[PDB]
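Reading the sequence shown from the start, the letters are residues 7 to 43, 50 to 141 in PDB author numbering.
All C-beta atoms in this analysis are idealised placements derived from N, C-alpha and C, irrespective of residue type, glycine included.
Everything below concerns the one structure shown next.
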Amino acid sequence: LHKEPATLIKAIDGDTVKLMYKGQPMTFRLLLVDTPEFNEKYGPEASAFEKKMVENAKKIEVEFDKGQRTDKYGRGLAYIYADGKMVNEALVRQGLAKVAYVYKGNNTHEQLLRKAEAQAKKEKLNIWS
Ligand SMILES: Cc1cn([C@H]2C[C@H](OP(=O)(O)O)[C@@H](COP(=O)(O)O)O2)c(=O)[nH]c1=O
Ligand SMILES: [Ca+2]
């Protein structure tokens with residue numbers, strides 16, 4: 007897997023972000039996670061968390077997995093990094109996302125994220141409280 011440059015356009019909610027990638031605007035959906043919708053419990057906090065993470069970054073990077081790179085809605089499917097820290101992993105680690113939508117062939121970081129989820133749940137953080 008490879009990290010590729012991109013620049014923030016707009017944080018959208020806990021697990022979607024608009025980025026400029028290869029010079030084109032696109033909505034990215036974070037692989038292997040599910041945050042609550050903004051209307052649900054911890055939704056605003058997931059949104060706020062993702063936003064701060066990408067807005068504070070000097071460097072945003074996109075990492076595609078080995079399988080499909082866009083979903084059925086045209087959203088990019090990637091791991092997103094903020095100054096080298098994976099946003100997908102961080103959300104799970106804080107108990108602001110569940111590991112979710114694990115499809116064969118786009119699951120390189122599954123076991124890393126499940127480990128973070130186990131730590132969040134142990135700590136009774138946020139959605140696990
Ligand atoms: C994360 C991810 C979501 N999706 C699709 C599955 C779901 O279809 P449905 O919309 O039919 O439920 C939807 C979940 O996205 P959201 O959690 O953003 O709503 O996005 C993929 O197809 N591949 C993926 O890797
Ligand atoms: Ca969601």
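- The DSSP-derived three-state label of residue 34 is strand.
- Between residue 108 and residue 51, the alpha-carbon positions lie close to 14 angstroms from each other.
- In this structure, ligand 1 has no non-hydrogen atom nearer than 7 angstroms to the beta-carbon of residue 51.
- Note that the C-beta distance between residue 140 and residue 130 is not below 8 angstroms.
- The Cβ atoms of residue 74 and residue 99 do not sit closer than 8 angstroms to each other.
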